[PDB]
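**Student:** Supplied in C-alpha cells, the structure appears directly below.
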Amino acid sequence: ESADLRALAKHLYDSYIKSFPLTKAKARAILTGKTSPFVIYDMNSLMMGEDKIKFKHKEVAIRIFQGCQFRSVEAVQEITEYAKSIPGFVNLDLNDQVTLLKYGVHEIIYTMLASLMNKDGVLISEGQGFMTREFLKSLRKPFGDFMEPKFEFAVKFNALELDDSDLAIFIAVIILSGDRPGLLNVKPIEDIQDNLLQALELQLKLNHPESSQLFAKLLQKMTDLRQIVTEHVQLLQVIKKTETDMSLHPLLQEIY
Amino acid sequence: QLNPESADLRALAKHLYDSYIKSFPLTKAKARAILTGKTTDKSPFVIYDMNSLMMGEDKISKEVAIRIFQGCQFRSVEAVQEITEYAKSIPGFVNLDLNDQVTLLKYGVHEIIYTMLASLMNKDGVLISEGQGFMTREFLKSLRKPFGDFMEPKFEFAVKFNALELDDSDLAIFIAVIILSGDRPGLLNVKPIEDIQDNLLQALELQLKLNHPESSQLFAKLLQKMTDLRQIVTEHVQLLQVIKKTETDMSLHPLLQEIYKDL
Ligand SMILES: CCCOc1ccc(C[C@H](Cc2ccccc2)C(=O)O)cc1CNC(=O)c1ccc([C@]23C[C@H]4C[C@H](C[C@H](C4)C2)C3)cc1
C-alpha cells in the first residue's frame, strides 16, 4: 500500500512546483549566495529599490504594510489553485472548501514565508529583493512588531530543514483541517487528511531517516502557527481601530 | 513486537503508567466507571442548581459563583502538586537545570490539567470532589456574568478529546510529552529536553499503535490536540485578568498566580 502514498507525495510535489513560483530550494540558493537581490536595509534603500525595480508590492511603514497585504492576496490565489490539486478536495461540499481555504491560508502563508526568511531578513518580490529584518523592526507605530513574530517562527521552523517535497504534503495537511468552524461534513475532510498524514509520515521517514520523530515535531509546529495567526489578527484590528493614514481607494479596500 | 529498542520503549511506557497511577488518585478508568453507572457504590450526588448545591455540602466565602470558583482554584492547586510529583518520575526530568524544571512545569501544568480534566467530563457535566459529586454543564454556565462561562471552553475541548478514546496508560505518556516541551519560553538548555521528548514521542507512538491498532493516525491526531490546549490556556488567562478587575475582593492562590505571571 506504500505505493499510493509515494504517488500522492510525488503528485503534491509536482503540483506545488507548478502553483508556487519561488520554491524553498530556489529561495535558499539566493539567501546563501550559492547561485543578486537588491537590499532594503534603510529608508534610502527602500526608496531606491522601488525606483529602479518596479516592486509591484504616502508613508513608508504604511506603504510597506500594505505591500504585505497585496502580496498576501496574491499568495491566497496560488494556495487556492494548489488546494484544487489535492485528491478529494474539489469533491467536498463547496461551502466546506471555501471554509477550509478561509481558515487555512494564513497558516500556509506564514509556513511558506519561512521558506523565504533567514534570521537576517526576508526575500520579497520573487526574490529580486531582500528586506532586512532589522529595518522592519525600525518601523514606528505598531508596524515595528509586525514582522518580528514571523521571523522568530521561521528561525524555529527552518531548523527542521524540510524541503519542498516535505512542505508540499504539510501544506495539504494544514488545508484539510477538520476542526475549522462551520464545516458541514467533517468526515471526508478528516478522511483525506488521514491519508495525507500517512503520506507525510512516510515522506519524512524516507527523506530524513536520521531525523528522529521529525513527523511529531512538524505537527507540533501547528501550535506555533495558529498562535502566530491569532496574534496577527489582533495587531490587524489594532490597525483598523486606530491609524487614519491607512486610507486606500474604495475599490482597493474591498479587494482585501 | 521485536528489537531491544522497542523493548526499551515498552519499559518506559510501563514505568510512566505505574507513576501516573501512583501520582493521580482519580484515574480516567475510575472516572468512566462512575460516569457510566456501572455501579451502585460509585454513584455521585448531582448538583444542577442552588438547592442541589446546598444539599451537596452535606453529602460531600459567601456567594454561589465565588464559592464554586474558589473550589476550582483549590482543586487545581492540588492538581499542580500531583502533576509536579508525576514530573519527577519522568526519566531525566530532575537531572535538568533547576530553572528549566520550573519553566517546564510553569508552562505545562495547565495544559495537563485540562487534558486530565477531560477524563472527568462528558457532554453533560463534570465529576468533582474525587468523583463523589457531579456538577452539570448547564448549572456552571448559568452562573453570574463573569464566571457564567469559564468552563464551557473546557467542555467543548473535552467532548472532542474524549472522542479519541485514550486510556490512562495512553495519557501517562502524552502528559509526559507535554511537560518535556523544548519550545517553552525562557528555556536555557533546549537540547537535553528535546532528547527526552524524542524518546517519549517514540514511547507514545508505539503505545498508540499497540493499544489502538484500528485507530488510524491517532498519534498525529493526538498531537494536533496540543494546539487546542494552548488556546484553552490563553482564553482562561484572559478571563482571569477580567475577574481580578471586576472582583477586587476575590483572592487568587499564590502558586497559580506565579504560574500566570509573565505567561
Ligand atoms: C465546580 C466544577 C469545577 O471543576 C473544575 C473546573 C476547573 C478546574 C481548573 C482550574 C480553574 C481555576 C480558575 C481560576 C483560578 C484558579 C483555577 C484551573 O484551570 O487551574 C478544576 C475543577 C475541579 N474542581 C473540583 O473538583 C471541585 C471540588 C469541590 C468544589 C466545591 C467548592 C465550594 C462550593 C461547593 C461545595 C464545596 C465548597 C466544594 C463546590 C468545586 C470544584
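Residues are named by chain letter and number: chains run A, B, ... in the order of the C-alpha cells, numbers start at 1 in each chain, and ligands are numbered from 1 in the order shown.
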Please identify every residue of chain B that has at least one atom no more than 9 Å from any atom of chain A, counting only C-alpha atoms, and report them as a ChimeraX atom specification.

**Tutor:** /B:183,198-199,201-202,216-217,219-221,223-224,226-228,230-231

**Student:** Can I get the residues close to ligand 1 as a PDB file with N, CA, C and O atoms, in the first residue's frame, where close means within 9 Å and we count only C-alpha atoms and all ligand atoms?

**Tutor:**
ATOM      1  N   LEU B  53     -26.851  22.277  45.145  1.00  0.00           N
ATOM      2  CA  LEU B  53     -25.555  22.725  45.634  1.00  0.00           C
ATOM      3  C   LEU B  53     -25.578  22.717  47.155  1.00  0.00           C
ATOM      4  O   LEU B  53     -24.687  22.174  47.810  1.00  0.00           O
ATOM      5  N   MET B  54     -26.621  23.326  47.702  1.00  0.00           N
ATOM      6  CA  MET B  54     -26.828  23.401  49.140  1.00  0.00           C
ATOM      7  C   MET B  54     -26.823  22.000  49.766  1.00  0.00           C
ATOM      8  O   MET B  54     -26.077  21.736  50.711  1.00  0.00           O
ATOM      9  N   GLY B  56     -25.608  19.392  48.628  1.00  0.00           N
ATOM     10  CA  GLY B  56     -24.356  18.705  48.359  1.00  0.00           C
ATOM     11  C   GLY B  56     -23.296  18.960  49.415  1.00  0.00           C
ATOM     12  O   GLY B  56     -22.416  18.127  49.634  1.00  0.00           O
ATOM     13  N   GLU B  57     -23.382  20.114  50.073  1.00  0.00           N
ATOM     14  CA  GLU B  57     -22.424  20.481  51.112  1.00  0.00           C
ATOM     15  C   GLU B  57     -22.403  19.385  52.185  1.00  0.00           C
ATOM     16  O   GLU B  57     -21.351  19.062  52.739  1.00  0.00           O
ATOM     17  N   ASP B  58     -23.573  18.815  52.469  1.00  0.00           N
ATOM     18  CA  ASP B  58     -23.696  17.760  53.478  1.00  0.00           C
ATOM     19  C   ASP B  58     -23.228  16.401  52.971  1.00  0.00           C
ATOM     20  O   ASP B  58     -22.513  15.680  53.677  1.00  0.00           O
ATOM     21  N   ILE B  60     -21.162  15.621  50.333  1.00  0.00           N
ATOM     22  CA  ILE B  60     -19.735  15.613  50.075  1.00  0.00           C
ATOM     23  C   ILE B  60     -18.946  16.068  51.298  1.00  0.00           C
ATOM     24  O   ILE B  60     -18.411  15.239  52.036  1.00  0.00           O
ATOM     25  N   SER B  61     -15.936  31.635  51.903  1.00  0.00           N
ATOM     26  CA  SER B  61     -16.607  32.786  51.298  1.00  0.00           C
ATOM     27  C   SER B  61     -18.132  32.714  51.473  1.00  0.00           C
ATOM     28  O   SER B  61     -18.643  31.955  52.305  1.00  0.00           O
ATOM     29  N   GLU B  63     -21.170  33.171  48.500  1.00  0.00           N
ATOM     30  CA  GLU B  63     -21.667  33.513  47.171  1.00  0.00           C
ATOM     31  C   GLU B  63     -21.669  32.224  46.359  1.00  0.00           C
ATOM     32  O   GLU B  63     -20.914  31.307  46.658  1.00  0.00           O
ATOM     33  N   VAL B  64     -22.514  32.149  45.338  1.00  0.00           N
ATOM     34  CA  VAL B  64     -22.584  30.951  44.513  1.00  0.00           C
ATOM     35  C   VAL B  64     -21.365  30.828  43.604  1.00  0.00           C
ATOM     36  O   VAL B  64     -20.602  29.870  43.700  1.00  0.00           O
ATOM     37  N   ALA B  65     -21.185  31.810  42.731  1.00  0.00           N
ATOM     38  CA  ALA B  65     -20.080  31.817  41.791  1.00  0.00           C
ATOM     39  C   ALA B  65     -18.713  31.744  42.464  1.00  0.00           C
ATOM     40  O   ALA B  65     -17.942  30.830  42.201  1.00  0.00           O
ATOM     41  N   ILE B  66     -18.418  32.701  43.340  1.00  0.00           N
ATOM     42  CA  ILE B  66     -17.123  32.745  44.021  1.00  0.00           C
ATOM     43  C   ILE B  66     -16.773  31.492  44.823  1.00  0.00           C
ATOM     44  O   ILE B  66     -15.605  31.100  44.903  1.00  0.00           O
ATOM     45  N   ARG B  67     -17.778  30.859  45.411  1.00  0.00           N
ATOM     46  CA  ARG B  67     -17.550  29.659  46.203  1.00  0.00           C
ATOM     47  C   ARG B  67     -17.132  28.536  45.250  1.00  0.00           C
ATOM     48  O   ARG B  67     -16.172  27.806  45.501  1.00  0.00           O
ATOM     49  N   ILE B  68     -17.854  28.419  44.144  1.00  0.00           N
ATOM     50  CA  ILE B  68     -17.562  27.408  43.138  1.00  0.00           C
ATOM     51  C   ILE B  68     -16.190  27.689  42.526  1.00  0.00           C
ATOM     52  O   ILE B  68     -15.394  26.774  42.295  1.00  0.00           O
ATOM     53  N   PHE B  69     -15.910  28.963  42.284  1.00  0.00           N
ATOM     54  CA  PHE B  69     -14.640  29.360  41.688  1.00  0.00           C
ATOM     55  C   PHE B  69     -13.464  29.083  42.617  1.00  0.00           C
ATOM     56  O   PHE B  69     -12.433  28.565  42.190  1.00  0.00           O
ATOM     57  N   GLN B  70     -13.617  29.437  43.886  1.00  0.00           N
ATOM     58  CA  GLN B  70     -12.558  29.212  44.852  1.00  0.00           C
ATOM     59  C   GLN B  70     -12.302  27.705  44.965  1.00  0.00           C
ATOM     60  O   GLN B  70     -11.185  27.263  45.258  1.00  0.00           O
ATOM     61  N   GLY B  71     -13.348  26.921  44.729  1.00  0.00           N
ATOM     62  CA  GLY B  71     -13.224  25.479  44.802  1.00  0.00           C
ATOM     63  C   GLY B  71     -12.339  24.944  43.697  1.00  0.00           C
ATOM     64  O   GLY B  71     -11.561  24.022  43.920  1.00  0.00           O
ATOM     65  N   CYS B  72     -12.465  25.524  42.506  1.00  0.00           N
ATOM     66  CA  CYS B  72     -11.669  25.113  41.353  1.00  0.00           C
ATOM     67  C   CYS B  72     -10.227  25.545  41.538  1.00  0.00           C
ATOM     68  O   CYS B  72      -9.312  24.879  41.054  1.00  0.00           O
ATOM     69  N   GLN B  73     -10.033  26.668  42.226  1.00  0.00           N
ATOM     70  CA  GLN B  73      -8.695  27.180  42.488  1.00  0.00           C
ATOM     71  C   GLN B  73      -7.985  26.187  43.386  1.00  0.00           C
ATOM     72  O   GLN B  73      -6.858  25.782  43.111  1.00  0.00           O
ATOM     73  N   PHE B  74      -8.660  25.804  44.465  1.00  0.00           N
ATOM     74  CA  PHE B  74      -8.109  24.861  45.425  1.00  0.00           C
ATOM     75  C   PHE B  74      -7.782  23.534  44.757  1.00  0.00           C
ATOM     76  O   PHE B  74      -6.695  22.982  44.946  1.00  0.00           O
ATOM     77  N   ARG B  75      -8.722  23.027  43.970  1.00  0.00           N
ATOM     78  CA  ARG B  75      -8.519  21.755  43.301  1.00  0.00           C
ATOM     79  C   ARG B  75      -7.352  21.765  42.317  1.00  0.00           C
ATOM     80  O   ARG B  75      -6.568  20.824  42.289  1.00  0.00           O
ATOM     81  N   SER B  76      -7.211  22.819  41.518  1.00  0.00           N
ATOM     82  CA  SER B  76      -6.103  22.835  40.571  1.00  0.00           C
ATOM     83  C   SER B  76      -4.759  23.072  41.243  1.00  0.00           C
ATOM     84  O   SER B  76      -3.719  22.679  40.716  1.00  0.00           O
ATOM     85  N   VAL B  77      -4.775  23.705  42.409  1.00  0.00           N
ATOM     86  CA  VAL B  77      -3.535  23.907  43.145  1.00  0.00           C
ATOM     87  C   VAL B  77      -3.067  22.511  43.551  1.00  0.00           C
ATOM     88  O   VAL B  77      -1.883  22.185  43.493  1.00  0.00           O
ATOM     89  N   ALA B  79      -3.883  19.796  41.978  1.00  0.00           N
ATOM     90  CA  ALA B  79      -3.528  19.090  40.759  1.00  0.00           C
ATOM     91  C   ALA B  79      -2.093  19.420  40.370  1.00  0.00           C
ATOM     92  O   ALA B  79      -1.343  18.545  39.943  1.00  0.00           O
ATOM     93  N   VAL B  80      -1.718  20.686  40.511  1.00  0.00           N
ATOM     94  CA  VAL B  80      -0.365  21.110  40.185  1.00  0.00           C
ATOM     95  C   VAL B  80       0.612  20.327  41.052  1.00  0.00           C
ATOM     96  O   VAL B  80       1.708  19.984  40.612  1.00  0.00           O
ATOM     97  N   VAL B 109       1.721  22.608  33.427  1.00  0.00           N
ATOM     98  CA  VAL B 109       0.658  22.208  34.351  1.00  0.00           C
ATOM     99  C   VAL B 109      -0.777  22.445  33.910  1.00  0.00           C
ATOM    100  O   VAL B 109      -1.620  21.572  34.087  1.00  0.00           O
ATOM    101  N   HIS B 110      -1.070  23.608  33.346  1.00  0.00           N
ATOM    102  CA  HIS B 110      -2.438  23.868  32.912  1.00  0.00           C
ATOM    103  C   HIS B 110      -2.836  23.034  31.704  1.00  0.00           C
ATOM    104  O   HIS B 110      -3.938  22.496  31.666  1.00  0.00           O
ATOM    105  N   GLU B 111      -1.950  22.905  30.722  1.00  0.00           N
ATOM    106  CA  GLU B 111      -2.278  22.087  29.556  1.00  0.00           C
ATOM    107  C   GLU B 111      -2.594  20.666  30.046  1.00  0.00           C
ATOM    108  O   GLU B 111      -3.516  20.013  29.555  1.00  0.00           O
ATOM    109  N   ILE B 113      -3.604  19.872  33.174  1.00  0.00           N
ATOM    110  CA  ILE B 113      -4.818  19.925  33.972  1.00  0.00           C
ATOM    111  C   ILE B 113      -6.063  19.776  33.096  1.00  0.00           C
ATOM    112  O   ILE B 113      -6.972  19.014  33.419  1.00  0.00           O
ATOM    113  N   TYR B 114      -6.109  20.503  31.989  1.00  0.00           N
ATOM    114  CA  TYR B 114      -7.258  20.416  31.100  1.00  0.00           C
ATOM    115  C   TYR B 114      -7.311  19.087  30.361  1.00  0.00           C
ATOM    116  O   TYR B 114      -8.391  18.615  30.018  1.00  0.00           O
ATOM    117  N   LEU B 117      -8.620  16.829  33.093  1.00  0.00           N
ATOM    118  CA  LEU B 117      -9.970  17.244  33.460  1.00  0.00           C
ATOM    119  C   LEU B 117     -10.986  16.648  32.476  1.00  0.00           C
ATOM    120  O   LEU B 117     -12.124  16.375  32.844  1.00  0.00           O
ATOM    121  N   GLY B 125     -21.644  17.228  32.086  1.00  0.00           N
ATOM    122  CA  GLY B 125     -21.104  17.757  33.326  1.00  0.00           C
ATOM    123  C   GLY B 125     -19.734  17.246  33.713  1.00  0.00           C
ATOM    124  O   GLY B 125     -19.064  16.588  32.912  1.00  0.00           O
ATOM    125  N   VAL B 126     -19.329  17.525  34.954  1.00  0.00           N
ATOM    126  CA  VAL B 126     -18.007  17.138  35.430  1.00  0.00           C
ATOM    127  C   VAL B 126     -17.977  16.614  36.866  1.00  0.00           C
ATOM    128  O   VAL B 126     -18.667  17.122  37.746  1.00  0.00           O
ATOM    129  N   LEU B 127     -17.164  15.589  37.088  1.00  0.00           N
ATOM    130  CA  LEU B 127     -17.013  14.995  38.400  1.00  0.00           C
ATOM    131  C   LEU B 127     -16.218  15.953  39.276  1.00  0.00           C
ATOM    132  O   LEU B 127     -15.302  16.619  38.797  1.00  0.00           O
ATOM    133  N   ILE B 128     -16.575  16.026  40.553  1.00  0.00           N
ATOM    134  CA  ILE B 128     -15.876  16.893  41.497  1.00  0.00           C
ATOM    135  C   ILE B 128     -15.718  16.160  42.814  1.00  0.00           C
ATOM    136  O   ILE B 128     -16.395  15.166  43.054  1.00  0.00           O
ATOM    137  N   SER B 129     -14.816  16.641  43.659  1.00  0.00           N
ATOM    138  CA  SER B 129     -14.587  16.019  44.956  1.00  0.00           C
ATOM    139  C   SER B 129     -14.281  14.523  44.829  1.00  0.00           C
ATOM    140  O   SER B 129     -15.006  13.669  45.356  1.00  0.00           O
ATOM    141  N   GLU B 130     -13.198  14.217  44.124  1.00  0.00           N
ATOM    142  CA  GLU B 130     -12.766  12.842  43.907  1.00  0.00           C
ATOM    143  C   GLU B 130     -13.856  11.923  43.357  1.00  0.00           C
ATOM    144  O   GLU B 130     -13.869  10.725  43.641  1.00  0.00           O
ATOM    145  N   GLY B 131     -14.765  12.483  42.569  1.00  0.00           N
ATOM    146  CA  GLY B 131     -15.821  11.679  41.993  1.00  0.00           C
ATOM    147  C   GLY B 131     -17.065  11.484  42.844  1.00  0.00           C
ATOM    148  O   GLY B 131     -17.998  10.813  42.412  1.00  0.00           O
ATOM    149  N   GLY B 133     -19.075  13.882  43.753  1.00  0.00           N
ATOM    150  CA  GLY B 133     -20.102  14.759  43.233  1.00  0.00           C
ATOM    151  C   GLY B 133     -20.051  14.913  41.725  1.00  0.00           C
ATOM    152  O   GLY B 133     -19.085  14.493  41.079  1.00  0.00           O
ATOM    153  N   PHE B 134     -21.098  15.508  41.161  1.00  0.00           N
ATOM    154  CA  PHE B 134     -21.183  15.748  39.721  1.00  0.00           C
ATOM    155  C   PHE B 134     -21.937  17.049  39.494  1.00  0.00           C
ATOM    156  O   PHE B 134     -23.102  17.175  39.869  1.00  0.00           O
ATOM    157  N   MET B 135     -21.264  18.019  38.894  1.00  0.00           N
ATOM    158  CA  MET B 135     -21.883  19.303  38.609  1.00  0.00           C
ATOM    159  C   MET B 135     -22.161  19.386  37.107  1.00  0.00           C
ATOM    160  O   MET B 135     -21.239  19.308  36.284  1.00  0.00           O
ATOM    161  N   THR B 136     -23.434  19.546  36.752  1.00  0.00           N
ATOM    162  CA  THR B 136     -23.828  19.609  35.349  1.00  0.00           C
ATOM    163  C   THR B 136     -23.280  20.834  34.640  1.00  0.00           C
ATOM    164  O   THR B 136     -23.059  21.880  35.246  1.00  0.00           O
ATOM    165  N   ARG B 137     -23.079  20.686  33.339  1.00  0.00           N
ATOM    166  CA  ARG B 137     -22.564  21.743  32.494  1.00  0.00           C
ATOM    167  C   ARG B 137     -23.486  22.965  32.485  1.00  0.00           C
ATOM    168  O   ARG B 137     -23.010  24.097  32.477  1.00  0.00           O
ATOM    169  N   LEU B 140     -23.166  25.244  35.738  1.00  0.00           N
ATOM    170  CA  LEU B 140     -21.950  26.035  35.644  1.00  0.00           C
ATOM    171  C   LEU B 140     -22.042  27.167  34.631  1.00  0.00           C
ATOM    172  O   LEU B 140     -21.377  28.191  34.784  1.00  0.00           O
ATOM    173  N   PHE B 150     -16.664  30.206  32.325  1.00  0.00           N
ATOM    174  CA  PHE B 150     -15.234  29.939  32.366  1.00  0.00           C
ATOM    175  C   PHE B 150     -14.986  28.457  32.083  1.00  0.00           C
ATOM    176  O   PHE B 150     -13.879  28.057  31.726  1.00  0.00           O
ATOM    177  N   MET B 151     -16.036  27.652  32.210  1.00  0.00           N
ATOM    178  CA  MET B 151     -15.929  26.216  31.993  1.00  0.00           C
ATOM    179  C   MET B 151     -16.343  25.700  30.614  1.00  0.00           C
ATOM    180  O   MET B 151     -15.806  24.699  30.148  1.00  0.00           O
ATOM    181  N   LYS B 154     -13.825  24.332  28.329  1.00  0.00           N
ATOM    182  CA  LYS B 154     -13.224  23.083  28.784  1.00  0.00           C
ATOM    183  C   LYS B 154     -14.094  21.910  28.342  1.00  0.00           C
ATOM    184  O   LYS B 154     -13.581  20.864  27.940  1.00  0.00           O
ATOM    185  N   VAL B 233      -5.777  27.595  27.496  1.00  0.00           N
ATOM    186  CA  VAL B 233      -4.993  28.347  28.471  1.00  0.00           C
ATOM    187  C   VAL B 233      -5.049  29.859  28.251  1.00  0.00           C
ATOM    188  O   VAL B 233      -5.253  30.626  29.197  1.00  0.00           O
ATOM    189  N   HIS B 236      -8.469  31.238  29.158  1.00  0.00           N
ATOM    190  CA  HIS B 236      -8.592  31.217  30.603  1.00  0.00           C
ATOM    191  C   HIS B 236      -7.792  32.324  31.273  1.00  0.00           C
ATOM    192  O   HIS B 236      -8.290  33.002  32.167  1.00  0.00           O
ATOM    193  N   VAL B 237      -6.555  32.509  30.834  1.00  0.00           N
ATOM    194  CA  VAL B 237      -5.703  33.540  31.399  1.00  0.00           C
ATOM    195  C   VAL B 237      -6.311  34.920  31.202  1.00  0.00           C
ATOM    196  O   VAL B 237      -6.232  35.769  32.084  1.00  0.00           O
ATOM    197  N   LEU B 239      -9.495  35.534  30.911  1.00  0.00           N
ATOM    198  CA  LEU B 239     -10.705  35.597  31.714  1.00  0.00           C
ATOM    199  C   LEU B 239     -10.381  35.920  33.169  1.00  0.00           C
ATOM    200  O   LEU B 239     -11.223  36.432  33.903  1.00  0.00           O
ATOM    201  N   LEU B 240      -9.152  35.626  33.577  1.00  0.00           N
ATOM    202  CA  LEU B 240      -8.708  35.896  34.939  1.00  0.00           C
ATOM    203  C   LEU B 240      -8.379  37.375  35.135  1.00  0.00           C
ATOM    204  O   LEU B 240      -8.615  37.939  36.204  1.00  0.00           O
ATOM    205  N   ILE B 243     -11.604  38.993  35.690  1.00  0.00           N
ATOM    206  CA  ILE B 243     -12.136  38.725  37.021  1.00  0.00           C
ATOM    207  C   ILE B 243     -11.429  39.496  38.133  1.00  0.00           C
ATOM    208  O   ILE B 243     -12.082  40.084  38.998  1.00  0.00           O
ATOM    209  N   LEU B 252      -6.620  35.102  44.695  1.00  0.00           N
ATOM    210  CA  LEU B 252      -6.115  34.047  43.840  1.00  0.00           C
ATOM    211  C   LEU B 252      -4.879  33.431  44.466  1.00  0.00           C
ATOM    212  O   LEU B 252      -3.918  34.129  44.771  1.00  0.00           O
ATOM    213  N   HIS B 253      -4.919  32.118  44.652  1.00  0.00           N
ATOM    214  CA  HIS B 253      -3.818  31.370  45.245  1.00  0.00           C
ATOM    215  C   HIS B 253      -2.476  31.775  44.621  1.00  0.00           C
ATOM    216  O   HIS B 253      -2.340  31.839  43.393  1.00  0.00           O
ATOM    217  N   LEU B 256      -0.809  29.474  41.770  1.00  0.00           N
ATOM    218  CA  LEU B 256      -1.477  29.677  40.494  1.00  0.00           C
ATOM    219  C   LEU B 256      -1.175  31.048  39.919  1.00  0.00           C
ATOM    220  O   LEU B 256      -1.151  31.228  38.705  1.00  0.00           O
ATOM    221  N   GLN B 257      -0.930  32.010  40.796  1.00  0.00           N
ATOM    222  CA  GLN B 257      -0.636  33.370  40.365  1.00  0.00           C
ATOM    223  C   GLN B 257       0.797  33.487  39.836  1.00  0.00           C
ATOM    224  O   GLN B 257       1.075  34.269  38.927  1.00  0.00           O
TER     225      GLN B 257
END

**Student:** Could you please write out, as a PyMOL selection string, every residue of stretch 53-203 of chain B that DSSP assigns to strand (DSSP E or B)?

**Tutor:** chain B and resi 121-122+125-128+133-136

**Student:** Convert the current residue selection to file output with N, CA, C and O atoms, as a short mmCIF file (atom, residue, chain, number, x, y, z; two decimals), in the first residue's frame.

**Tutor:**
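File produced: part_18.cif:
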data_model
loop_
_atom_site.label_atom_id
_atom_site.label_comp_id
_atom_site.auth_asym_id
_atom_site.auth_seq_id
_atom_site.Cartn_x
_atom_site.Cartn_y
_atom_site.Cartn_z
N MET B 121 -15.07 14.41 32.48
CA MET B 121 -16.17 15.09 31.81
C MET B 121 -16.90 14.28 30.72
O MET B 121 -16.36 13.36 30.14
N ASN B 122 -18.14 14.67 30.48
CA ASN B 122 -18.97 14.10 29.42
C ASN B 122 -19.78 15.30 28.97
O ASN B 122 -19.71 16.35 29.61
N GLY B 125 -21.64 17.23 32.09
CA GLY B 125 -21.10 17.76 33.33
C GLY B 125 -19.73 17.25 33.71
O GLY B 125 -19.06 16.59 32.91
N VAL B 126 -19.33 17.53 34.95
CA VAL B 126 -18.01 17.14 35.43
C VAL B 126 -17.98 16.61 36.87
O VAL B 126 -18.67 17.12 37.75
N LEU B 127 -17.16 15.59 37.09
CA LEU B 127 -17.01 15.00 38.40
C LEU B 127 -16.22 15.95 39.28
O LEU B 127 -15.30 16.62 38.80
N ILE B 128 -16.57 16.03 40.55
CA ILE B 128 -15.88 16.89 41.50
C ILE B 128 -15.72 16.16 42.81
O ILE B 128 -16.40 15.17 43.05
N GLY B 133 -19.08 13.88 43.75
CA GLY B 133 -20.10 14.76 43.23
C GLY B 133 -20.05 14.91 41.73
O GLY B 133 -19.09 14.49 41.08
N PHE B 134 -21.10 15.51 41.16
CA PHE B 134 -21.18 15.75 39.72
C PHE B 134 -21.94 17.05 39.49
O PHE B 134 -23.10 17.17 39.87
N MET B 135 -21.26 18.02 38.89
CA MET B 135 -21.88 19.30 38.61
C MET B 135 -22.16 19.39 37.11
O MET B 135 -21.24 19.31 36.28
N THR B 136 -23.43 19.55 36.75
CA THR B 136 -23.83 19.61 35.35
C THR B 136 -23.28 20.83 34.64
O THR B 136 -23.06 21.88 35.25
#

**Student:** So, counting only C-alpha atoms, which residue among A:199, A:43, A:176, A:113 is closest to residue A:64?

**Tutor:**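 The answer is A:43, which sits nearest to residue A:64.
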
**Student:** Which one of B:47, B:164, B:55, B:175 sits closest to residue B:17 if you count only C-alpha atoms?

**Tutor:**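 For residue B:17, the nearest of the given residues is B:175.
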
**Student:** In Å, how far is it from atom CA of residue A:16 to atom CA of residue A:167?

**Tutor:** 8.8 Å

**Student:** Here is a test: counting only C-alpha atoms, which residue of A:178, A:51, A:166, A:146 is nearest to residue A:239?

**Tutor:**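 With only C-alpha atoms as the atom set, the closest residue is A:146.
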
**Student:** Can you tell me, as a VMD selection string, what residues are no more than 6 Å from stretch 124-139 of chain A when counting only C-alpha atoms, ignoring any on the same chain fewer than 6 positions away?

**Tutor:** chain A and resid 37 to 42 61

**Student:** Using only C-alpha atoms, find the one residue out of A:30, A:22, A:116, A:171 that sits nearest to residue A:200.

**Tutor:** A:171

**Student:** How far is it from atom CA of residue A:240 to atom CA of residue A:150, in Å with one decimal?

**Tutor:** 20.5 Å

**Student:** I want to know what sits within 9 Å of residue B:32, based on only C-alpha atoms, with residues of the same chain fewer than 6 positions away left out; could you give that as a PyMOL selection string?

**Tutor:** chain B and resi 38+119-121

**Student:** Could you please write out, as a PyMOL selection string, every residue of stretch 1-249 of chain A that DSSP assigns to helix (DSSP H, G or I)?

**Tutor:** chain A and resi 2-19+24-32+43-52+60-83+89-91+94-116+125-127+133-137+141-144+148-158+164-175+186-207+214-241

**Student:** Atom CA of residue A:206 and atom CA of residue A:160 are how many Å apart?

**Tutor:**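 These two atoms are separated by 15.0 Å.
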
**Student:** Excluding residue A:256 and its own-chain neighbours fewer than 5 positions away, which residues fall within 10 Å of it when counting only C-alpha atoms? Please give them as a ChimeraX atom specification.

**Tutor:** /A:69-70,72-73,251

**Student:** Pull C-alpha atoms from the residues just selected and write them as a PDB file, in the first residue's frame.

**Tutor:**
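Output file out.pdb follows:
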ATOM      1  CA  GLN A  69      -1.299  42.680   2.098  1.00  0.00           C
ATOM      2  CA  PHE A  70      -1.060  42.938  -1.675  1.00  0.00           C
ATOM      3  CA  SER A  72      -0.817  38.060   0.714  1.00  0.00           C
ATOM      4  CA  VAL A  73      -3.788  38.441  -1.593  1.00  0.00           C
ATOM      5  CA  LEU A 251     -12.187  49.529  -4.715  1.00  0.00           C
TER       6      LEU A 251
END
